[PDB]
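Beneath this line is the structure, given in structure tokens, with notes to follow.
Readers should treat all values here as calculations from the given coordinates under stated rules, not as data from a laboratory. Virtual Cβ from ideal backbone geometry, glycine too; neighbours counted across all protein chains shown.
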Amino acid sequence: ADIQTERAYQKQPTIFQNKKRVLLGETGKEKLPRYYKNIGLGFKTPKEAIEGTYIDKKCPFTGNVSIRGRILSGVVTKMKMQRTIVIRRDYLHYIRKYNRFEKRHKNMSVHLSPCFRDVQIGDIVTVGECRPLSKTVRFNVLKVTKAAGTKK
Amino acid sequence: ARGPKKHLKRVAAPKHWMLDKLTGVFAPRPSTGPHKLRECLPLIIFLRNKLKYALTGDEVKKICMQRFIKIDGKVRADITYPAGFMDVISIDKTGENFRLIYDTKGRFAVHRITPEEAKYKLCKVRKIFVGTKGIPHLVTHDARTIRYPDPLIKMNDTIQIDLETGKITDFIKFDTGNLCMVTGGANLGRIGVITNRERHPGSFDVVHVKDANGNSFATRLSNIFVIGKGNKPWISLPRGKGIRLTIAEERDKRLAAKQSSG
Amino acid sequence: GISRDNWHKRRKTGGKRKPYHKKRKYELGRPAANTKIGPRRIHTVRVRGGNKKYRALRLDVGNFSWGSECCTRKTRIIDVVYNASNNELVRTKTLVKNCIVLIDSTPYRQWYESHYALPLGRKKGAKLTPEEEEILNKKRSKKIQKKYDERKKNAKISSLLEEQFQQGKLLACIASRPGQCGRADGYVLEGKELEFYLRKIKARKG
RNA sequence: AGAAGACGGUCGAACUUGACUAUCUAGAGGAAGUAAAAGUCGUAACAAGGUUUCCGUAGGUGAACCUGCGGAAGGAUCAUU
RNA sequence: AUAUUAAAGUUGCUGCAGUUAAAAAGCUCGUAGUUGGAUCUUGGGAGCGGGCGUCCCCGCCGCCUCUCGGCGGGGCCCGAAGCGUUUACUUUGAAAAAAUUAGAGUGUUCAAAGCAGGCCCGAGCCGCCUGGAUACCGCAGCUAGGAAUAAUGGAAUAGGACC
RNA sequence: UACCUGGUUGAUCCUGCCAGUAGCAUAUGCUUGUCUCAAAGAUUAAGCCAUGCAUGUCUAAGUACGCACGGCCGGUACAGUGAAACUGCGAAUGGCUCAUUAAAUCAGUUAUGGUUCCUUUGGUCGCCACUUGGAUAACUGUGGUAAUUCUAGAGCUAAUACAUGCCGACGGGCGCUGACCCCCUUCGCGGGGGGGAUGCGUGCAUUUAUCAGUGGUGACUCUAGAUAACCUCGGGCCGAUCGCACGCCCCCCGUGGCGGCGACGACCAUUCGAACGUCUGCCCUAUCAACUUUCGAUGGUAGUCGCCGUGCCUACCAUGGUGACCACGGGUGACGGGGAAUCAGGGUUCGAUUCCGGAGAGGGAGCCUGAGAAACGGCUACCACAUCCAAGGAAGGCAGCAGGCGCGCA
RNA sequence: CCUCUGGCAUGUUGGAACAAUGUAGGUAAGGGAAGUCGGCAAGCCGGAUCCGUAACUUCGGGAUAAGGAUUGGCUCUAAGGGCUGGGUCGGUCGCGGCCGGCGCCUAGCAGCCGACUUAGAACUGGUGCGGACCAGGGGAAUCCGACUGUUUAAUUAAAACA
Ligand SMILES: [Mg+2]
Ligand SMILES: [Mg+2]
Ligand SMILES: [Mg+2]
Ligand SMILES: [Mg+2]
Ligand SMILES: [Mg+2]
Ligand SMILES: [Mg+2]
Ligand SMILES: [Mg+2]
Ligand SMILES: [Mg+2]
Ligand SMILES: [Mg+2]
Ligand SMILES: [Mg+2]
Ligand SMILES: [Mg+2]
Ligand SMILES: [Mg+2]
Ligand SMILES: [Mg+2]
Ligand SMILES: [Mg+2]
Ligand SMILES: [Mg+2]
Ligand SMILES: [Mg+2]
Ligand SMILES: [Mg+2]
Ligand SMILES: [Mg+2]
Ligand SMILES: [Mg+2]
Ligand SMILES: [Mg+2]
Ligand SMILES: [Mg+2]
Ligand SMILES: [Mg+2]
Ligand SMILES: [Mg+2]
Ligand SMILES: [Mg+2]
Ligand SMILES: [Mg+2]
Ligand SMILES: [Mg+2]
Ligand SMILES: [Mg+2]
Ligand SMILES: [Mg+2]
Ligand SMILES: [Mg+2]
Ligand SMILES: [Mg+2]
Ligand SMILES: [Mg+2]
């Protein structure tokens, strides 16, 4: 229940939820000794990851997914895909003949670990490239901002 | 490309081989080896283009195959064996012995050296290891998996390897105030002491290097390669000293040599 | 052939791609092993770059690790019970990664009797009288008794497991990839997972 | 140790049969356009072109055109006490 | 003959037209698009350098940090960090296949080319002295400086620091 | 060189074009003394192909009993040439052509902490072993077929081909097990300390699970280690291997040790790469405005396959994904690029074509070997062409180089 | 179409034969409208599920357009619903009540019942499967009348009347 919303059992790998024969109730206070890692490039692992109980293999903190290569920002545009968001990166493309630019918008499907709550849309969101992890998705969200305009 | 490639067009060849347009459609293409194809002096070129020791392809073959040439102390009958940076080529029936150390253009100057000196070489450590049963390793820049290093070397330190025995005989640590040659890109074959290193996490590390004659530059760590402690280096250096005249200064030095000296 | 490769399917926008070349021996697949229960039948396969993939077509035994007590004896894979990919693969008794199988408890039984010097799998007086007494019967005393006294509340095995032993079949999750490697080496379901699959099995039975 | 063989699976040419789509074309009859030309009928238009012309829209007429209504000055009145 | 560029400011970014020569929607609303007023650190201060003082030039007033590392108490200021609010912009640097181009050198007899050549020398030197440069390489990506211009933020049913 | 002249008028000033003017390629006409360079079947028909040639290869060091030559020497196999044939490698390069292919290829940029890598180089390489089994090729000899770089049956015969398989090695070393034994203390159970025969393991790699956290990085579920087992069983692996030149010395006589190369392998690093991924860039078109999706469209979960990462595929869920910032569809006298022609400064047009990258071998498809091909101077089918047949059958692919036919202005 | 309840004796007769002509049914090799005034007659088609659907148009239609595929038996899977249940701890009063305090499944879980469908999968048979029964042949065009309706009881159903 709650966490196991799937047909197979979901567990973090890399921990053995079993070794126990001592007093003071069944298991500890934290109960399951949670796996997590830090992602580096001075991206702060969230509390919602380490304190949090969920699991997600594609979470760049609490699962198998190295972050590597390109890092960007977008802005959250659609949240409807489960565990993922489309984000709009916008840029000014130079034509030379006319010594001017044009708007251009590539919109990347992006993995969004459930460590992040309170991600509204219109929310600038840093993403770090990774190995592919869906037909279209390579980029996980790493830090989120929201404050451009509406509220904390 | 149904598999691998077994040829190399002239023109498509490395620029620093000095290989001219009309002569042939092809260049040798170094054999697979310790150094990277596009970082070599294919033994043939080193001879019949740069020592004029052979005339043809055939004449190099015949020089090579009397077991005359001895590349970092062994013997090699491949004409396309990639010799390269901080190697030797001992040629014996003459007692020449060279090194292949870069020119301030970036061409491997035919640099004659003494038979003492021709014992040791120098190497950059690429990666330190730990293999099975805890036994650590190095890997040199030129594919010498050394085993059991002085637990201190770590990557980018340069070593003075013996050659004939093999194995490390003391070393230099990559730090500020150490003589740094660069082995790549724009500043190829320049030499100055370091000054300053800048770690960019994920990107790669830019490194500054100040020349003896006041001039400065930067690079990306990979190409960099130390050759001693501060001003004094641990090897011979070709005349020029890796110091990089401006094109104006070079023209002046060419002009001054002419007319006056004779 | 039977190709793994993106070239053959539409873009993110939805429009058709075009085939810019023909299929490539590496842009390749093979037909599935779908290895069964039965007495051993393995086929080796030449793969890319030489090397060998040791494709199980049948299989029987497996090297299952009881994690909590740390013993990992080889045993029979008696039957497949549940597979959360697809039901039909349970029905077939097809062996895959993360299949829930049954395995005979007998080497874990033998081990536990050895180790903690306790009976496992309750009975009246047939296993207890001849064999366990012989396993016990302390002609040394002092050292060995102190050891198996030190094997304390420590023996206290899980309830769900204990029931399975006295039945005689343990639910075990396969960790290997039988079609690729050849083996069926897995691990015994224990506590939280076991409780989960047992419930899923009960729900299946109706 | 193992060849021929067959059950099923798989990729799948190829052929038939539709289906849609692009290019190319034959066609009685119709109806335009341009060009030649030493025709025929008138004279619409440019001068108040002999009924200002013109626009939109209706109907009519061998043909240019004519007429109705509302516009236009690109009018033949920048002006009328 | 035909394709094509310049002529063509007859396709127009630089740089054309739109009363009458072809040309402005009958009129108004209107979303994307494009375009958006002014406004926040400045005079000054102190010196090296040039034509008692005046007029032109050149390093300084990246702040804070010491919660972090050290080139039984400490200093000293560097690695880290509140990274430059978040970009654009500019300058420098790093990376950039060669050939082609531009362009050094060099009497291929000249030249287009080519990459060589040149000497000392009676040859007795049994050789030697040199080349095989540099420039450019959109945009994007990478580095460090600058912070006018233009965006973009923050404290307003309250929030910044403080043994 | 930041250049304009002719043409509407009876004349004028304009808008405006047409016509001239100069380059640059393709053709063609006329013409042509010398010399240095030098493109050349791209445009049409990725149309068809007569003939011939274009990929084979041996060292001192893989197997020599052709008897084809000869030794110098016999008889201790072998001595020196050596066709032949088995063995190994190579044939994935090169060469051609530009049909396709429009965010595809391609370029710069990075990732592989998501993989494979023949070789090259460097690490690793503790009772048949005084060396075992049987097989076949050439050679020999009967053939069969009309006919092929068809082959069968019989004789033999070698291997680094194919198989099998041991000495080493220390009843010893370290993990568990422990017949037991000894010392101290205690009223004694007990408590503490030691020693210890006999068993099982007695690991490089494999597959799985647990434990701990030598060397490492913005960056581990990394390396390394420990425990538990497993063998991806003969078709996991090295475990433990053939060949050549000199020719040495034993507290010792017939034995035992010895250097210098070749060749070979499992693993690790290297190299040559390959392969997939990240960011940003492409011509015309709206007489293409909506497209995708239970025949994968976009996500999720667990597998499958694959060298690996991913709807690659399968199940089950979720209902997503792209679009006026031009999706989606259509076209291209479209291979991408480096680059070429013009040019003041801007630009416009070209780029089949010697470098680089892609794709293709008439068309489609499927595969064998191999490190590497979805190979075409490899096969297997079909379709389209076509060649001998003694009519049962058999063979084939110039967008290699020459050359031919055709097409065509070329 | 077959059956029970109930009902009948084959419709104003029986028997024996099995000729021609018929009436009513069927089937036919190869061809497939060559037949004939004329496809008259018969034949094709037919159910369902899943795809797929043109011209034209009064924009409603055309439309079951056309054109395709599947269908059995067997053994399984998945998907769809209802009812009832916790006021447990403490007190006190008679398993039941009353009071006070927790709990409060408020993501619900547990036990007990019950129609019927739909999808998917395996296997299987001499490719047979809407097995009898039931049950559209389509298409392109022209003429007439818009249509539904009505009409000559007993030769005219139409283009006639409305
Ligand atoms: Mg411009
Ligand atoms: Mg006349
Ligand atoms: Mg007018
Ligand atoms: Mg022009
Ligand atoms: Mg101009
Ligand atoms: Mg104009
Ligand atoms: Mg006008
Ligand atoms: Mg107007
Ligand atoms: Mg403003
Ligand atoms: Mg005139
Ligand atoms: Mg002209
Ligand atoms: Mg090639
Ligand atoms: Mg590689
Ligand atoms: Mg085309
Ligand atoms: Mg090419
Ligand atoms: Mg051809
Ligand atoms: Mg190919
Ligand atoms: Mg092929
Ligand atoms: Mg050919
Ligand atoms: Mg009757
Ligand atoms: Mg009767
Ligand atoms: Mg009657
Ligand atoms: Mg018939
Ligand atoms: Mg007739
Ligand atoms: Mg007829
Ligand atoms: Mg009829
Ligand atoms: Mg119809
Ligand atoms: Mg009519
Ligand atoms: Mg009617
Ligand atoms: Mg009647
Ligand atoms: Mg009638």
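Just one of (1) more than 16 Å from RNA strand F (Cβ to nearest atom); (2) surrounded by fewer than 12 Cβ atoms within 10 Å (Cβ to Cβ); (3) not β-branched (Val, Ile, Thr) fails for residue B:203. It is (1). The numbered conditions (1) within 16 Å of RNA strand D (Cβ to nearest atom); (2) farther than 30 Å from residue C:47 by Cα are all true for residue C:139 except (1). Of the numbered criteria (1) within 16 Å of RNA strand G (Cβ to nearest atom); (2) in contact with a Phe, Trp or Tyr (Cβ under 8 Å, 6 or more places away or on another chain); (3) under 19 Å from residue C:191 (Cα atoms), the one residue C:83 fails is (2). Criterion applied to A:91, A:54 was being more than 11 Å from the chain's Cα centre (by Cα), among the aromatic types (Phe, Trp, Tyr), away from chain B (no Cβ under 14 Å) and assigned to a strand (DSSP E or B), and the one residue passing it is A:91. Could you check how many residues of the range B:47-76 are free of Cβ contacts under 8 Å to residues at least 60 places away in the same chain and surrounded by 18 or more Cβ atoms within 10 Å (Cβ to Cβ)? Of the residues in that region, 10 qualify. The residue of the range C:28-58 that is farthest from residue C:99 (Cα to Cα), among those that are near RNA strand F (Cβ under 6 Å from one of its atoms) and assigned to a loop (DSSP other than H, G, I, E, B), is C:49. Candidates in the range A:30-51 are the residues that are surrounded by 17 or more Cβ atoms within 10 Å (Cβ to Cβ) and touching a strand residue (DSSP E or B) at 6+ places or on another chain (Cβ under 9 Å); of these, the one that is nearest to the other protein chains (Cβ to nearest Cβ) is A:39.
For the range B:79-106, give me the residue count where each residue is of a type in the set (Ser, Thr, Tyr) and more than 16 Å from RNA strand E (Cβ to nearest atom).
Within the range B:79-106, the first condition is being of a type in the set (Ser, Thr, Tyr), and the residues that meet it are B:80-81, B:90, B:94, B:102, B:104.
If we keep only those that are more than 16 Å from RNA strand E (Cβ to nearest atom) too, we end up with B:80-81, B:90.
Number satisfying all stated conditions: 3.
Among the numbered conditions (1) more than 18 Å from residue C:68 (Cβ to Cβ); (2) within 14 Å of another protein chain (Cβ to nearest Cβ); (3) out of contact with any strand residue (DSSP E or B) (no Cβ under 7 Å at 6 or more places or on another chain), the only one that residue C:125 does not meet is (2).
Any chance the range A:65-76 includes a residue that's small (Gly, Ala, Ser), within 16 Å of RNA strand E (Cβ to nearest atom), part of a loop (DSSP other than H, G, I, E, B) and away from chain C (no Cβ under 14 Å)? No; the residues of the range A:65-76 include none that is small (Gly, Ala, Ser), within 16 Å of RNA strand E (Cβ to nearest atom), part of a loop (DSSP other than H, G, I, E, B) and away from chain C (no Cβ under 14 Å). Could you list all residues from the range A:8-26 that are among the charged types (D, E, K, R) and more than 13 Å from residue A:57 (Cα to Cα)? Within the range A:8-26, A:19, A:20, A:21, A:26 meet the criteria. Taking each residue of the range A:1-29 that is within 11 Å of another protein chain (Cβ to nearest Cβ) and looking for partners that are of a type in the set (A, V, I, L, M, F, W, C) and outside any loop (DSSP other than H, G, I, E, B) with beta-carbon atoms closer than 8 Å, six or more apart or interchain, yields A:4/C:196; A:9/C:196.
Within the range C:1-23, residues that are over 28 Å from residue A:105 (Cα atoms) reach partners that are among the small types (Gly, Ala, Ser) and more than 6 Å from RNA strand F (Cβ to nearest atom) with beta carbons closer than 6 Å, at six or more positions or on different chains, in the pairs C:23/C:3. Restricting the range B:169-179 to residues that are under 28 Å from residue B:206 (Cα atoms) and of a type in the set (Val, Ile, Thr), the residue that is surrounded by the fewest Cβ atoms within 10 Å (Cβ to Cβ) is B:176.
Would you say residue A:82 is within 14 Å of chain C (Cβ to nearest Cβ) and closer than 30 Å to residue C:198 by Cβ?
Working: within 14 Å of chain C (Cβ to nearest Cβ): no; closer than 30 Å to residue C:198 by Cβ: yes.
So residue A:82 does not fit the description; no.
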